[PDB]
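Below sits a lone chain in structure tokens, taken as the form solved without the ligand.
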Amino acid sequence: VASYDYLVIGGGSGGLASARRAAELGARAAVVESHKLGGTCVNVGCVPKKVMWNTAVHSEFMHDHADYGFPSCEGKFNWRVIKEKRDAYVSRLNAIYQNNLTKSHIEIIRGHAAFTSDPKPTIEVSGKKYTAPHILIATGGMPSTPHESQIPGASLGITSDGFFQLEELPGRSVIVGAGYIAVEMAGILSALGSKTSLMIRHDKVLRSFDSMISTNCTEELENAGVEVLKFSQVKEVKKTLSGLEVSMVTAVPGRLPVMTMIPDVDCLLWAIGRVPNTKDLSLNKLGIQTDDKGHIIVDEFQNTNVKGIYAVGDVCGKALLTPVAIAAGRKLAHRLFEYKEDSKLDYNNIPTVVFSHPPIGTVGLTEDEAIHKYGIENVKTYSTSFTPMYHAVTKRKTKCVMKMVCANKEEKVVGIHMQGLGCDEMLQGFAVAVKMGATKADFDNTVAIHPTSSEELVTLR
């Protein structure tokens, strides 16, 4: 049984972040990884996603070309070529991580950890046993897919994981789901020239976001030529000669339910949520607490109910983002090995960008959440809608919408929400301000930068 100061299960965002910091602070650390280093962000997530989003915006700028005085240009996307480059960049990052771990003398253990029934907390991998005083569970999540028992043929669909093994551009795609992953996939696929539908259970996408964003994003998807199938659900999927055929019910409000069939579908993509990676960890051997969906229960310090065992990141099911996983992993390593006992992540005012077309930036409270929290009379919103000057000379149009949610007499800025060109690089600075408790006065007394989109957030009236 080999011994460390710090055993980390999972070499993704949270695990690597925490292993590294602990090594810096002088711990003897090991990372267990069953697949590739870098986890979801590197391999099947934020990094390959961004490369494909960059590609997709190349597609949109191809369209605007002739408008900008350039040769009317032309057509055909080669998926193979960018797929190869994207793979090679991911592999590059895998090696960068293995090499940085090794330079820091963090041991890599290759394989699938489970906990044993030993009384000391102890894992085993290809069954050698391993233990530390401090074990971090950082095993992330995976996509959920329907069971065949609910929807016959469900396993003919792929997930976002399979999206990154796609070797050619699907001629015709149906994406199921209404969250940020579904929206992003639909936008990439349609931009590059797949005939895309997005199938959602209600009338709008991103329904947990501020209703301005929810509404505007549903519109901009339609405008970009994504077919949004509202109030619709897959009932089953069949293999045919010419691809998949998808049965849906559409059940619009105050009309009769109608069953239709989508033929000729090359890619059916389930984006209906993620489940945590805990089923195979033998958690019940130690009585580690989960909820009904198998998230690990932690306190504000990332403690499980079992002393000396911790969890960060997707596996806990709160704020499912790479930088959250990282910051929580780093804070925890400061607590354990620098004995900074008040080291913890604040989960408030965490900013998000959704990489739609155009991208969404959001931080803080929706106008709804603010009203519930402050009461209707203590909430003031300011908002705006304009066409970026980029589009002054193009036929194609997108909007920029911005919204500031303000609280109380001093008008503390408790929420910013936007979708527009450039809003992906816009948000970080404003989220700094919002974490400081900036009030609208603070915004109004910053001099504007002209001409930009961003200057509108400091000139709202």
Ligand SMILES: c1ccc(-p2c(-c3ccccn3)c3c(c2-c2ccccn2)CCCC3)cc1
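Superpose the two forms; the largest set of C-alphas matching within 1.5 Å is the rigid core. Numbering starts at 1 and follows the sequence shown.
Omitted from view is the form solved in complex with the ligand, to which the following refers.
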note = If we test each of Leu229, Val249, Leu156, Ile371 for a heavy atom within 4.5 Å of the ligand in the entry with it bound, the one that passes is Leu156
task = Counting non-hydrogen atoms within 4.5 angstroms of the ligand in the entry with it bound, say which of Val298, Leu244, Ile288, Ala224 makes the cut.
result = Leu244
inquiry  = Under a 4.5 Å heavy atom criterion, is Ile82 part of the interface with the ligand in the entry with it bound?
reply    = no
request  = Mark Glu338 yes when one of its heavy atoms lies within 4.5 Å of a heavy atom of the ligand in the entry with it bound, and no otherwise.
outcome  = no
message = Test of understanding: in the entry with it bound, would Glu219 fall inside 4.5 Å of the ligand by heavy atoms?
response = no
request  = May I ask you to state whether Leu166 is within 4.5 Å of the ligand in the entry with it bound, using heavy atom distances?
outcome  = yes
inquiry  = Tell me which stretch of 262-270, 372-380, 249-257, 126-134 has a heavy atom within 4.5 angstroms of the ligand in the entry with it bound.
reply    = 262-270
ask   = After the core is superposed, which of these residues, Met142, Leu166, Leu93, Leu229, moves its CA 2 Å or more between this form and the one not shown?
value = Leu93
